[PDB]
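The residues making up each chain are set out below.
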Amino acid sequence: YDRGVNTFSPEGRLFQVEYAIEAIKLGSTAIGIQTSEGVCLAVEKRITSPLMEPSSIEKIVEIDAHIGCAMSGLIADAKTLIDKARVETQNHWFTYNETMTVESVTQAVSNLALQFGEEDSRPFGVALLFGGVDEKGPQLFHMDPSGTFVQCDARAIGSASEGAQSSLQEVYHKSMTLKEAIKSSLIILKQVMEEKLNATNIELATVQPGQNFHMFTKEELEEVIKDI
Amino acid sequence: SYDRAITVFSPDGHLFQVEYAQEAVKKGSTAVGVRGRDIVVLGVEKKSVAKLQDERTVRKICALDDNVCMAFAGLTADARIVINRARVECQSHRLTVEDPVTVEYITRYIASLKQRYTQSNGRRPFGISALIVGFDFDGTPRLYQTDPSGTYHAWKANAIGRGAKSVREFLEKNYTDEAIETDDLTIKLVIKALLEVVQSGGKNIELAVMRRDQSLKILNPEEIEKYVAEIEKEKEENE
Amino acid sequence: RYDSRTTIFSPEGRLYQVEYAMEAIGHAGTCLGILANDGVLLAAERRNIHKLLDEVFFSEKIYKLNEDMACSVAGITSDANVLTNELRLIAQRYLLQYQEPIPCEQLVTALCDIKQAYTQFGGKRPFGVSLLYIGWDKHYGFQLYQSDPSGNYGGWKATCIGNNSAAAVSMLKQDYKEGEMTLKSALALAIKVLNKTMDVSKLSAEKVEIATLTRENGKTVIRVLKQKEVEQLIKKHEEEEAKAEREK
Amino acid sequence: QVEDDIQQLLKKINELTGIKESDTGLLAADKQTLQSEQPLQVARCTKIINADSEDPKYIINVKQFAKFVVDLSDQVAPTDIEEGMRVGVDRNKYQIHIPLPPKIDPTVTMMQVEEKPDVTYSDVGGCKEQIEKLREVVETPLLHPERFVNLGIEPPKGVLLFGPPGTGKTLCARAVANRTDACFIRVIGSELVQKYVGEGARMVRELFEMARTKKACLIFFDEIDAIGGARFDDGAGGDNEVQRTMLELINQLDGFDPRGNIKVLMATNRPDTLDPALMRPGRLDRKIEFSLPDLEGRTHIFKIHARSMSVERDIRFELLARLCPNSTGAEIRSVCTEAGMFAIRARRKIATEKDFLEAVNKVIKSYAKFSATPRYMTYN
Amino acid sequence: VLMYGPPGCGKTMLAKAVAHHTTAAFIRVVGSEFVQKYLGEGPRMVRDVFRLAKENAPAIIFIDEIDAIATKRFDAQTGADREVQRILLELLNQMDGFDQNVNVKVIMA
Amino acid sequence: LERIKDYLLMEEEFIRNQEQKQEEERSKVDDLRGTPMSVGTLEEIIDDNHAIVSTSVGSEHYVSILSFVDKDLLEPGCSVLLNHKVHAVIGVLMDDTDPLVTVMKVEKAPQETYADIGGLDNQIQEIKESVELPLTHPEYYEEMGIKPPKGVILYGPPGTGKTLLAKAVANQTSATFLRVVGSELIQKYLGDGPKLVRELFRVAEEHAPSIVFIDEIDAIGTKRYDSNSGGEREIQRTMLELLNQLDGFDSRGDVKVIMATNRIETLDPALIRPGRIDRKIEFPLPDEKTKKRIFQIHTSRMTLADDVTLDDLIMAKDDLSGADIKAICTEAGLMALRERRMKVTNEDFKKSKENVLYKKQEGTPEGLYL
Amino acid sequence: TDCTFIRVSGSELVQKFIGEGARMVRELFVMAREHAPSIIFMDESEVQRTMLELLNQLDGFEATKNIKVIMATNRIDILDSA
Ligand SMILES: Nc1ncnc2c1ncn2[C@@H]1O[C@H](COP(=O)(O)OP(=O)(O)OP(O)(O)=S)[C@@H](O)[C@H]1O
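Definitions and cut-offs
The numbering scheme counts residues from 1 along every chain following its written sequence, independent of the entry's numbering, with residues that lack coordinates not shown. Note on labels: chains are lettered from A, ligands numbered from 1, in written order. Taken from a larger assembly, the chains shown here are the sole basis for all values reported. To obtain the side-chain values, all non-hydrogen atoms of the structure were used and water was disregarded. Residues with missing side-chain atoms are left out of burial classes, side-chain pairs and their counts. Aromatic rings from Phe, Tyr and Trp, with only the six-membered ring used for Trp, were paired whenever their centres fell within 6.5 Å, and each pair was classed as stacked if the ring planes differed by under 30 degrees, edge-to-face if by over 60, and tilted otherwise. Throughout, exposure labels follow a simple rule: accessible area from a 1.4 Å probe, protein chains only, divided by the maximum for the residue type, with under 20% read as buried, over 50% as exposed, and the rest as partly exposed. In this description a helix means any DSSP run of H or I spanning at least four residues, a strand means any run of E spanning at least two, and both kinds are numbered starting from the N terminus. Two strands are said to pair when DSSP picks up at least two bridges between them. Contact between two residues is taken to exist if any of their heavy atoms lie within 4.5 Å; hydrogens are not considered. To obtain each axis, a line is fitted to C-alpha atoms, and for helices this fit is confined to the stretch in contact; angles are then taken between N-to-C directions over 0 to 180 degrees. In what follows, roughly perpendicular refers to angles from 65 to 115 degrees, roughly parallel to angles under 35, roughly antiparallel to angles over 145, and oblique to any angle outside these ranges. Here the term charged refers only to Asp, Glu, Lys and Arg, the term nonpolar to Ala, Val, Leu, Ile, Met, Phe, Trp, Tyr, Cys and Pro, and the term polar to all other amino acids, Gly among them. Note on definitions. A residue lies near a molecule or strand when any single heavy atom of the residue is within 4 Å of it. A 3.5 Å cut-off defines polar contacts: any pair of N or O atoms within that distance qualifies, except that in protein one atom must be a possible hydrogen donor and the other a possible acceptor, and neighbouring residues in sequence count only when both atoms are side-chain atoms. Using a 1.4 Å probe, accessible areas were evaluated by the Shrake-Rupley method; residue-level cover was limited to the displayed protein chains. In what follows, salt bridge is the name for a side-chain nitrogen of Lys or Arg lying within 4 Å of a carboxyl oxygen of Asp or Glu. Any residue with relative accessible area above 30% and no salt bridge may belong to a patch, with like charges joined within 9 Å and the nonpolar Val, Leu, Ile, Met, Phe, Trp and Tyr side chains within 5 Å.

Draft legend 1. Looking closely at the packing of aromatic side chains. Counting across every chain of the model gives 16 aromatic pairs over all chains. Taking the centre distance of 6.4 Å and the plane angle of 85° together, the rings of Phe15 of chain A and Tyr19 of chain A count as edge-to-face. Judged on exposure class, the residue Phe15 of chain A and its partner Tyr19 of chain A are both buried. When the centroid spacing of 5.9 Å and the interplanar angle of 35° are considered together, the rings of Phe177 of chain F and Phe213 of chain F count as tilted. You can see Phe177 of chain F sitting in strand β4 (residues 176-181) and its partner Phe213 of chain F sitting in strand β5 (residues 210-215), a full 36 residues away along the chain. By relative accessible area, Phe213 of chain F is classed as buried at 3%. An aromatic cluster is built from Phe184 and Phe220 of chain D together with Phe249 of chain F, whose rings are joined through pairwise contacts.

Draft legend 2. How the structure looks around the sheet that holds strand β11 (residues 222-223) of chain C. Residue and element names in this part refer to chain C. Taken in spatial order, the four strands line up as β1-β2-β10-β11 in an open sheet, and their pairing is antiparallel. Both outer strands of the open sheet, β1 (31-33) and β11, are each paired with one neighbouring strand and no more. Direction of pairing for β1 relative to strand β2 (residues 40-45): antiparallel, over a ladder of three bridges. Note that in β2 the partner of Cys31 across the bridge is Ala44. Strand contacts of helix α5 (residues 183-197): β1, β2 and β10 (208-213), with the helix running at about 20° to β2, the strand carrying the most contacts.

Draft legend 3. Main features of the packing of helix α10 (residues 329-345) of chain D against helix α3 (residues 124-136) of chain F. Interhelical geometry of α10 of chain D versus α3 of chain F gives an angle of 95° and a closest axis separation of 12 Å. As judged from the angle between their axes, α10 of chain D and α3 of chain F are roughly perpendicular. Of the residues in α3 of chain F, those touching α10 of chain D at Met341, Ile344 and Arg345 of chain D are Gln125, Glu126, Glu129 and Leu133 of chain F. When the residues that make up the contact of α10 of chain D with α3 of chain F are grouped by side-chain class, the tally is three nonpolar, one polar and three charged.

Draft legend 4. Layout of the sheet that holds strand β9 (residues 217-218) of chain B. Residue and element names in this part refer to chain B. Taken together, the five strands give an open sheet; going across it, the order is β7-β1-β2-β8-β9, and neighbouring strands pair in antiparallel fashion. Pairing within the sheet leaves two strands with one partner each, and these edge strands are β7 (157-160) and β9. In this sheet, β9 lies alongside strand β8 (residues 206-210) in antiparallel orientation, the contact comprising two bridges. Among the inter-strand pairings, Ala208 is bridged to a residue of β9, identified as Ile218. On top of the sheet, helix α4 (residues 164-172) reaches β1 (31-35) and β7; it is set at about 160° to β7, its chief contact.

Draft legend 5. How the structure looks around the site of the ligand. Surrounding the ligand, one finds 20 residues, the nearest of these being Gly125, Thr167 and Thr170 of chain D together with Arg273 and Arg276 of chain F. What surrounds the ligand is not a single chain but chains D and F. Contact between the ligand and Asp123 of chain D: a nitrogen atom at 3.1 Å from a main-chain N or O atom of the residue. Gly168 of chain D is positioned such that a nitrogen or oxygen atom in its backbone is 2.9 Å from an oxygen atom of the ligand. Within the complex, the protein chains bury 90% of what would otherwise be the 640 Å² of accessible surface of the ligand. Elements with a contribution of two residues or more to the shell around the ligand: α4 (169-178), α8 (296-306) and α10 of chain D.

Draft legend 6. Spotlight on the pattern of salt bridges. Tallying each qualifying case throughout the model produces 45 salt bridges over all chains. A salt bridge links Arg82 of chain E to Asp80 of chain G, with the nearest nitrogen and oxygen atoms 3.8 Å apart. With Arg82 of chain E in helix α3 (residues 81-93) and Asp80 of chain G in the segment after β3 (67-71), this residue pair bridges two chains.

Draft legend 7. Region of the structure containing a nonpolar patch on the surface. Together, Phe68, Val69, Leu73 and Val92 of chain F make up a nonpolar patch on the protein surface, roughly 390 Å² of accessible area in all. Summarising the element assignment, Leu73 of chain F is placed in the loop between β2 (62-64) and α3.

Draft legend 8. Structural view of the pairing of β2 of chain C. Residue and element names in this part refer to chain C. In terms of burial, β2 is largely enclosed, as six of its six residues are buried. Here β2 shows no split at all, with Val40, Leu42 and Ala44 on one side and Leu41, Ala43 and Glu45 on the other all buried. Connecting the antiparallel pair β1 and β2 is a turn made up of six residues, with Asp38 showing a positive phi of about 55°. Relative to β10, β2 is paired through six bridges, and the arrangement is antiparallel. Opposite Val40, over in β10, you have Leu213 as the bridge partner.

Draft legend 9. View of the environment of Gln94 of chain E. Residues and elements named next belong to chain E. Inspection of the secondary structure assignment puts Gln94 in the loop between α3 and β3 (106-108). Taking the C-alpha atoms as reference points, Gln94 and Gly42, 52 residues apart in sequence, are found 8.9 Å from one another. Residues within four places of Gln94 in sequence aside, it is in contact with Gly42, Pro43 and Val46.

Draft legend 10. A look at the interface of chain D and chain F. Between chain D and chain F, the contact holds 75 residues from the first and 66 residues from the second. At eleven residues, α10 of chain D tops the list of elements feeding residues into the side of chain D that touches chain F. Counted by class, the side of chain D that touches chain F contains 31 nonpolar, 16 polar and 28 charged residues.

Draft legend 11. Structural detail: the arrangement of the chains. Contacts are most numerous between chains D and F, taken over all eleven pairs of chains that touch. Contact between chain A and chain G is absent, and the minimum C-alpha spacing across the pair is 31 Å. Regarding chain D and chain G, which are not in contact, the minimum distance between any of their C-alpha atoms is 9 Å.

Draft legend 12. Looking closely at α4 of chain D. Residue and element names in this part refer to chain D. Of all ten residues making up α4, seven are buried, and the element is well covered by its neighbours. Along α4, the residues that are buried comprise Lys169, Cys172, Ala173, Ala175, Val176, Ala177 and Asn178. Among the structural elements, α3 (130-138), β8 (158-162), β9 (184-188), β10 (217-222) and β11 (262-265) are those in contact with the buried residues of α4.

Quick look at the structure:
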């Protein structure tokens with residue numbers, strides 16, 4: 001029993017949604033942090049093979065010229081949602097000559113985060129972290145499979161996200177800076193990862209209002225890691 | 001949950017049938033593929049001749065374009081359908097876009113088809129895993145693999161089918177960055193992989209290469225015989 | 001346990017209806033084809049040899065499908081009518097499209113995709129019919145093919161039907177021929193195989209069925225041959241049994 | 001044939017060794033008080049049926065023979081030769097001489113713990129609120145009988161505990177038995193399951209006899225499926241007498257003057273095999289389960305199981321708690337001991353991070369978990 | 001002899017008529033009037049058969065209303081598959097080796 | 001000539017097995033006792049030299065005590081020696097238990113050590129570290145404060161040598177050992193689960209550090225949920241008795257348990273938890289590298305013409321047990337012994353390889369991935 | 001053979017029906033020892049613990065051999081996995 005997207009519980013609830021929130025927990029970790037200077041973001045790849053080419057695994061993809069992303073858990077539901085987000089932001093720029101703000105992007109995604117219905121398909125199994133720079137400065141955003149979308153100041157996802165949130169609430173406050181937040185994230189990273197932190201494990205993605213283009217750090221990330 | 005049907009999550013957060021349709025791939029014949037720097041190489045094992053037929057129709061290595069090559073594992077009928085659809089799709093890409101088809105495009109198509117095939121109501125998942133090897137942009141060799149989930153995943157060498165951990169372990173314990181290719185080293189690397197096969201009967205070896213500008217070349221099991229002989233000669237030189 | 005429908009996979013992963021369609025093949029009429037150049041033949045077993053039929057059909061297992069192709073059949077009978085109509089329609093649509101006869105392998109793969117369309121989807125019964133193929137082309141000559149309910153097709157030179165025909169394939173291997181293209185030799189071999197495999201005592205010719213396909217000048221005629229030559233073929237084979245008991 | 005030599009002369013000298021012993025083979029508090037005690041008597045204990053009026057004229061049964069009409073001997077206390085008192089009856093004079101205690105059954109005294117095993121309240125970490133509720137059940141009415149009076153409420157005299165195997169039920173049992181102060185009684189369920197007809201019923205009688213001797217005593221059930229909660233009965237007619245014993249337990253347990261100052265803890269891994277003649281509250285008042293602690297409790301059980309073993313002073317327990325998705329204190333303690341075995345596979349003085357990494361591998365990722373190798377990415 | 005057919009064309013009539021006009025030590029047996037939830041009481045039946053057919057004259061024993069395999073306290077793993085099958089194969093085990101010379105006439109209907 | 005030595009050794013061991021007081025004070029002991037002694041049950045001891053007993057028929061008497069040894073050794077719960085005259089309390093009964101204690105106690109190490117199976121020495125190394133190390137070399141457990149494991153489950157495909165591992169550990173030991181086929185509890189006896197259990201483990205505690213060896217109870221893991229509509233028999237109650245005996249209360253002591261199963265998923269997962277049973281060990285169809293060792297052991301002392309290569313048979317087919325290798329090594333020897341021949345050629349091994357392998361038959365693919 | 005032949009062509013009777021149980025070779029092997037040259041014969045997979053116990057009495061770890069068991073029935077595939 002509970003068996004099925006079309007049956008409540010005697011006390012609540014799904015039980016399909018709950019099993020999706022359960023299905024989040026298996027993914028790799030990621031940490032995005034809002035700072036008024038700009039949004040930074042990090043992830044762990046969990047590279048298996050030396051033949052596993054590291055730049056081909058996507059975690060941070062590019063939605064807009066100033067809107068980044070990160071994925072979790074299931075890969076291909078994320079591929080679908082990334083494709084649709086790209087198409088629809090482009091549609092907003094088409095009919096409006098302007099940039100669809102990040103809250104409106106995520107409303108456009110969570111319009112069908114739950115449009116799950118096989119008749120009249122399954123619920124999606126991915127958590128997404130959205131960062132971008134709207135007119136209101138930088139924005140950091142967190143959704144879920146159930147479409148219950150909320151703003152977060154510094155959200156951590158996936159595996160080991162509890163202690164990530166705890167040790168994050170240890171270090172975080174409102175008036176942080178950029179580089180301090182970068183090293184504050186990667187300290188938490190090499191406390192929640194298992195392997196030695198090096199050039200190929202993690203990848204950063206920072207977006208600034210004056211540095212809207214290139215939401216990425218490429219092998220100066222080596223210089224950032226060796227500063228710890 | 002239960003192992004029925006494809007739409008329900010587990011109580012601990014899995015899809016049973018995605019892990020389970022990989023098992024049919026995990027229980028299939030082996031086929032490897034590496035990239036050299038200028039020549040790409042792959043091949044299948046287990047010709048498995050039953051003494052009384054032809055085998056020119058059972059070929060597990062085919063092509064979609066003049067640039068790209070195939071391989072698979074698992075069951076063969078899903079490979080036949082996916083290859084049929086892939087030819088049509090590659091030609092339709094050639095219809096609008098006038099390029100030679102990039103390998104990344106056809107892998108995204110196969111994985112996208114595979115995932116939207118898996119999402120729907122009661123469509124049985126394709127129990128294959130393809131190897132898509134090609135060199136288009138400035139002749140840059142690429143090879144991607146698939147999965148019943150639908151995850152294209154770029155590598156530099158690969159091993160699938162039965163006992164693929166040992167075979168990929170051989171590519172781990174061999175795989176030298178030096179030098180370079182050197183097509184001779186790629187040929188000898190195919191020879192070492194096929195000698196490192198699960199059986200290595202010596203006659204069940206079938207390999208085909210592409211030098212990133214030519215078309216597919218099917219070899220002759222005497223050149224491969226002298227290859228096995230010189231591999232045995234280097235093995236004697238180890239003593 | 002994991003029975004219910006044709007879909008989805010079993011936890012190893014194997015299939016349910018696939019194995020059971022094969023075990024639905026095994027209890028059917030026995031067919032075979034032979035290795036021959038300059039012609040090719042078919043053999044078939046008469047189910048229901050009861051005395052109150054008509055036999056006015058001239059063909060119960062053979063179906064002359066295009067002009068230069070026939071096919072034997074085995075399995076559930078009325079699905080095969082569904083298949084033969086569609087197969088004739090496919091080859092005829094090909095001829096309509098190109099005005100060239102169908103080169104038989106894309107014909108076989110078309111039917112295999114038709115069968116595979118019911119292997120994947122749900123919920124439909126897969127076609128429990130395996131069937132043979134004889135034919136001729138411009139590209140390989142005489143051909144032989146084996147359809148399977150999975151959608152796999154194997155180009156054989158000496159084929160296999162179910163539980164009645166494993167010993168037949170064993171005899172085809174232990175009595176493998178190569179080089180001898182003479183139709184009469186292959187007919188004697190087929191007589192020997194059906195003498196062993198069928199339990200018809202002394203091989204009554206009403207219980208058998210033989211159709212051949214030769215290339216005559218530009219025609220590729222299909223000879224669904226009559227009964228008197230079958231009678232004298234049986235007499236030929238029993239005289240060769242007298243030659244075999246010259247060893248006593 | 002050198003082995004023939006070896007074994008032959010070995011066994012031959014062994015034969016000599018046997019031949020060695022074969023040829024080398026060649027009262028004041030106990031005896032003078034015996035015949036003094038030989039004129040004693042084999043007189044039988046009994047059990048008294050009734051007392052007639054104005055005279056003893058006592059009728060009596062021993063165990064099995066008959067119902068015995070007796071006298072009393074002259075040197076008795078004729079007051080307390082009443083019913084329910086086992087007394088001694090002669091083999092010639094047929095008269096009561098000396099009273100006896102009742103059928104005490106000192107195998108029912110054998111299920112009392114009689115000791116205090118040490119598992120501290122500081123060892124059972126992870127369930128600080130379930131054990132808080134059980135603390136309210138046990139410690140508070142036995143120490144502060146005010147707030148029940150000052151608010152007008154009743155004690156939860158029965159508390160069932162259910163949950164997965166490995167969880168801590170045993171620990172909570174011996175934990176409250178560590179800080180008990182009362183008469184604590186373990187109850188093996190199959191101490192009721194005796195052979196003969198109508199005896200486990202009398203075992204429940206022995207239980208309530210021990211219970212109503214004293215104050216604030218503690219009966220602890222465990223594994224009551226051995227006692228049973230299944231009235232499994234249709235036209236097969238097999239095993240039913242244990243159900244008779246268990247219905248006797250319900251009868252003397254709750255309903256029509258229940259226990260009193262008695263707090264009973266029960267435990268079962270199988271709640272769905274219970275009887276709703278004990279599921280009713282008034283009998284069992286807290287259906288407290290335990291669940292798997294998220295990370296803080298699992299780090300806490302790491303702290304408890306690694307405070308007293310040699311480890312590195314640099315290792316954390318956050319990442320190790322992460323790689324326990326679903327696990328218990330038994331599995332955690334197996335990880336501790338397994339990494340210790342890995343430390344014996346090297347020659348260390350303490351344990352390190354990778355020791356517990358491969359122990360987590362051995363426990364969880366080298367669990368059986370069927371079938372078996374989960375090698376896929378699809379996730380990362 | 002294994003007699004069968006439609007219920008009322010003279011099966012039980014013929015058996016009881018041979019009992020009427022018997023010569024040897026007949027024993028009337030109904031198959032399941034005295035089966036006593038011993039899954040394999042048919043063995044004790046055949047013990048009676050053996051030792052009572054040589055204890056008497058050869059005894060002719062017809063077994064009426066053949067139900068002696070399926071009793072009413074079938075109790076094993078699957079739905080008396082191996083129970084009905086085990087008492088059938090048991091019946092076979094005390095069918096193959098009487099003596100060929102233990103003169104007991106056994107009949108089912 | 002060695003057979004004379006082995007026969008003399010066995011018969012002298014039997015002679016040693018046949019080699020198994022007071023002139024007047026012992027006669028006073030013989031009158032301290034009535035010679036038809038008996039077995040009773042103390043209920044109480046009022047310590048004024050006469051006690052109350054209980055009999056197997058149930059007659060309970062003030063009976064005087066006649067102490068030669070210390071009379072305060074025996075307790076209520078310990079039996080006594082009562083006469084037939086006045087049922088006089090005689091004295092010293094060393095505490096005896098059921099007849100079913102010596103039944104489950106193997107007195108030999110009849111087979112040999114790890115040099116008997118061929119090659120599994122990762123998990124043979126595990127049971128090594130978990131029995132042979134805690135017993136013989138108990139240093140680091142005290143010296144790092146870590147307790148040794150207790151429970152070991154053998155499983156996998158059958159005929160891997162689970163019995164061979166059992167008897168191998170039954171060799172290399174100085175601790176006392178017990179052999180229990182634990183499924184013996186098929187009675188029509190209510191109760192009687194805990195009798196064997198409590199007496200077994202009491203005996204185990206009283207003797208020594210020991211192994212308590214349960215063998216093949218994979219049927220008895222009865223699903224831990226019910227029996228369906230009416231079931232309850234005793235079997236669940238008996239396994240729950242053993243469960244409570246293992247990881248309830250009453251500290252385990254220096255007692256070890258090794259268990260073995262063929263099928264494993266049909267067990268009871270209330271037992272397979274760690275702490276209750278600690279180690280689990282896979283015994284799969286091994287490899288084609290220790291098959292050479294299994295053929296090596298099975299061709300240790302047999303007449304083999306060394307022209308033949310068993311590695312040809314190993315190269316032929318790859319999945320079969322070591323018991324299959326033993327069957328082949330004996331069966332090809334019989335095929336050689338058809339006609340009084342010295343050694344074994346290749347074709348006896350071929351016919352024996354084919355002969356033994358008539359096991360797996362299914363059917364019909366796969367076979368047809370393909 | 002002039003040897004203590006034994007026919008156990010009965011069936012998996014008593015076990016918990018009117019009696020105790022332990023009915024395949026439970027004490028029969030004790031008497032296979034007590035009559036040391038012997039052959040055991042059976043018709044025959046049917047109940048699921050008794051036969052298993054008695055496999056583990058017969059399998060290797062029994063005694064001095066030449067004490068053989070003959071099981072003889074048709075239709076192999078209806079049996080257990082041991
Ligand atoms: N918080 C904890 N701290 C330490 N050990 C723990 C903790 N939680 C559980 N354990 C372990 O779990 C044991 C107590 O639980 P259990 O022994 O499973 O009770 P139980 O009687 O076995 O339950 P079942 O269902 O009858 S098997 C302890 O002896 C430890 O091995």
